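Worksheet: one structure, shown below.
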Amino acid sequence: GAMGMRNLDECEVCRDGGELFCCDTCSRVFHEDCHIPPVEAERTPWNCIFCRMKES
Ligand SMILES: [Zn+2]
Ligand SMILES: [Zn+2]
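If you're matching positions, the sequence shown starts at 44 in the numbering used here and goes up one per residue.
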């Protein structure tokens, strides 16, 4: 994108239809890491795990 980085072409899991659990800001930076691990219980795509990672 113009101001967005969706490097999903190198993202095997995106082709599989994998969901992102990161916000725009974190996905553009850690897209590959943001697919790991997908939560198989409460799939909350609006909940950013990388933002929640910076708890301290
Ligand atoms: Zn991806
Ligand atoms: Zn985030």
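Just so it is clear, CB atoms sit at the ideal spot from N, CA and C, and this is done for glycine as well.
Exercise for the section: Report the option in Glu-62, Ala-45, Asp-67 whose CA atom is closest to the CA atom of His-78. Expected result: By 1-based counting over the sequence shown, the position of residue 78 is 35. Nearest of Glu-62, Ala-45, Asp-67 to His-78, Cα basis: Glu-62.
Problem - Extent of the continuous alpha helix (DSSP H) to which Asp-67 belongs - result: Start at 1 with the first residue of the sequence shown, and residue 67 comes out as number 24. Looking at the DSSP string, the run of the alpha helix (DSSP H) that includes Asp-67 is 67-73.
Exercise for the section: Could you pull out every residue in the same chain whose Cβ sits closer than 7 Å to the Cβ of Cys-69, ignoring the five residues on either side in sequence? Expected result: The sequence position of residue 69 within the sequence shown is 26, counting from 1. Same-chain partners within the cutoff: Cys-77, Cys-91, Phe-93, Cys-94.
Practice task
Could you tell me whether any non-hydrogen atom of ligand 2 is closer than 8 Å to the CB of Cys-54?
Solution key: The residue you call residue 54 lines up with position 11 of the sequence shown. Flag unset: Cβ of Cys-54 not near ligand 2.
Problem - Backbone secondary structure at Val-56 - three-state DSSP - result: Along the sequence shown, one-based indexing puts residue 56 at 13. Three-state result, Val-56: helix.
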